[PDB]
Amino acid sequence: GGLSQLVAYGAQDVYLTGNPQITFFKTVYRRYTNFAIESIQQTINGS
Amino acid sequence: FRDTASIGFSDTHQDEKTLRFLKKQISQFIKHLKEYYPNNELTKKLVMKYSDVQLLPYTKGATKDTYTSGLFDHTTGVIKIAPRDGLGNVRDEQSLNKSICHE
């Protein structure tokens, strides 16, 4: 299974996973300012 | 938030008095035949045409708030040491609340 791929690690992978910087499995989302959106109708002048 | 400080009525410099105002000027001045006073003293007549104002204040401080510029809003793969931004998914509010509710 998948373990057989993890072990297939070589010098070449130094540019992919060696000295790792990130992961993909623990997303950290950003907190953001409180806001809300309201749809409002405008008055049209003229004819 | 329209930013219109205007009164919007004819009261700023309209001078809504009657014709009796011309007699009041003779009360402000000292005369009986004013047809020769403004032809000579125009500065005093300009001094008797000035409005009295009242100013208005308000103040609110400032909002020093950093953390802006949210362009890329898709997602962001966490760094290797994820347990530096990982314990931020729930702040200390919903972490201290669950401990206070134990009593």
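Residues numbered from 1 in each chain as written, not as in the entry; some residues may be left out. Chains lettered and ligands numbered in written order. Part of a larger assembly, values for the part shown. Heavy atoms only, no water. Residues with missing side-chain atoms left out of burial classes, pairs and counts.

Chain B is annotated in the PDB entry as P4 from Paramecium bursaria Chlorella virus 1. In the PDB, the entry goes by the title "Near-atomic structure of icosahedrally averaged PBCV-1 capsid". The annotation that UniProt attaches to chain B under Subcellular location is "Virion". (UniProt positions renumbered as here; feature names shortened; annotations may be inferred.)

Labelled according to the PDB entry, chain A appears under the name Major capsid protein, originating from Paramecium bursaria Chlorella virus 1.

(A) Structural context of the overall build of chain B. Helices and strands together make up the secondary structure of chain B, namely three helices and zero strands. The C-alpha radius of gyration of chain B comes to 35 Å, more than 25% above the 13 Å expected for a compact globule of 103 residues. (Helix = DSSP H or I, 4+ residues; strand = E, 2+ residues; numbered from the N terminus. Rg over C-alpha atoms; globule rule 2.2 N^0.38 Å.)

(B) Region of interest: the overall build of chain A. Across its full length, chain A holds one helix and zero strands. If one aligns the C-alpha atoms of chain A with their principal axes, the spans along those axes are about 75 × 25 × 25 Å. Of all 47 residues assigned to chain A, the portion counted as buried reaches 6%. (Buried < 20%, exposed > 50% of the residue type's maximum accessible area, 1.4 Å probe, protein only.)

(C) A look at unusual backbone geometry. All names here are of chain B. With a phi angle near 60 degrees, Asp-3 is a residue other than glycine that sits in the positive phi range. Even without being a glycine, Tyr-67 presents a positive backbone phi close to 60 degrees. Assignment of secondary structure puts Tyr-67 in the loop between α2 (42–47) and α3 (93–100).

(D) Representation of the interface of chain A and chain B. Residue-level contacts link nine residues of chain A with ten residues of chain B. Of the residues contributing to the side of chain A that touches chain B, the split by class is three nonpolar, three polar and three charged. (Contact = heavy atoms within 4.5 Å. Nonpolar A, V, L, I, M, F, W, Y, C, P; charged D, E, K, R; others polar.)

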